[PDB]
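Quick heads-up: it's one chain on its own, the form deposited in one PDB entry, in structure tokens.
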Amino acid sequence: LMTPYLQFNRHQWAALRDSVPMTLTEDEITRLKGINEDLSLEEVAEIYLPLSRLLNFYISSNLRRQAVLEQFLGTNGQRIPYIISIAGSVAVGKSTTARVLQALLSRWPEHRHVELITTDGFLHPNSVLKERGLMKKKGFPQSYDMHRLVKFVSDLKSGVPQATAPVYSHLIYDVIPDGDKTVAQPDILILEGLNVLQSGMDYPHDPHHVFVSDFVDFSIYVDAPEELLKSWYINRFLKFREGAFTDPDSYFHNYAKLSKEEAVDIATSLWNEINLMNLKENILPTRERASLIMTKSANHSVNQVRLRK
């Protein structure tokens, strides 16, 4: 049956890809690989360049509408950033997807200044999660300072000249105590996190009545089947453990003393008991709120793009 999404067929996707010259210079190819050494350049050419080009159509149409309204309404021409959000399971590739889209979108002269903010920064710090008995519930709704996350995007959509977000580090598994990131009226702000499509219903312990989505222009849910997500999560955990072999400041220091087999069992249980329950209860149900659903397969290659009609 018909749904609110069109699924791109290969001729529509190819025409999008081929609509512009947008293959990259050598230096740009180098910086892309620096985002993630496992990123395929074939994916960049077949998937991420066209997806960034698709977004440009939306962003550009919005700038023109803004010019038309400022003339009509007689307003002072104030800059409002276009906000793109990126949702999905832990370990689906939200960060990589977001960093790739930041780099590619910045190539278009109409919107060169692209910022990226993760919702991880808005987690309550470990001290606080401890106080509340939620250290096993990191990434669940009760673990976020949701009111502050909404205020951040709300302030941006208010035309504030600067806004400040707290910052989180996966390497030390916590919010950086004085590591705040200040942004100033970018053309585009990408908001990356598992909870960007969540709403007041997900926070009954402390309700809010205006949602992140109410301040977001375009949202992407990055989707993938459970088994792939689990293996991606375990592999990434093993990578951090490896890092910890030589870096004493890694939070994975003690995991690097275990056998690999035991480390795998731990990661497996973290996935099963925390991130997978979080997916099923809180993340996956938000999926049909997205502007666009990008589905991933083997080796992270995107096999389906659905866009709201």
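The term rigid core refers to the maximal set of C-alpha atoms that superpose within 1.5 Å between the two forms. Start at 1 and count along the sequence shown; that's the residue number.
Heads up, the form deposited in another entry isn't pictured, but that's what we're talking about next.
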query: Exceeds or equals 2 Å, Cα of residue 109 between this form and the one not shown, core fit; finding: no
query: Core fit, then residue 299 C-alpha moves 2 Å or more between this form and the one not shown; finding: no
query: Core-aligned C-alpha movement of residue 235 between this form and the one not shown reaching 2 Å; finding: no
query: In the other form, shift in Cα separation for residue 9 relative to residue 91, 3 Å or more; finding: closer
query: Direction of Cα pair change residue 10-residue 287 in the other form, magnitude 3 angstroms or more; finding: closer
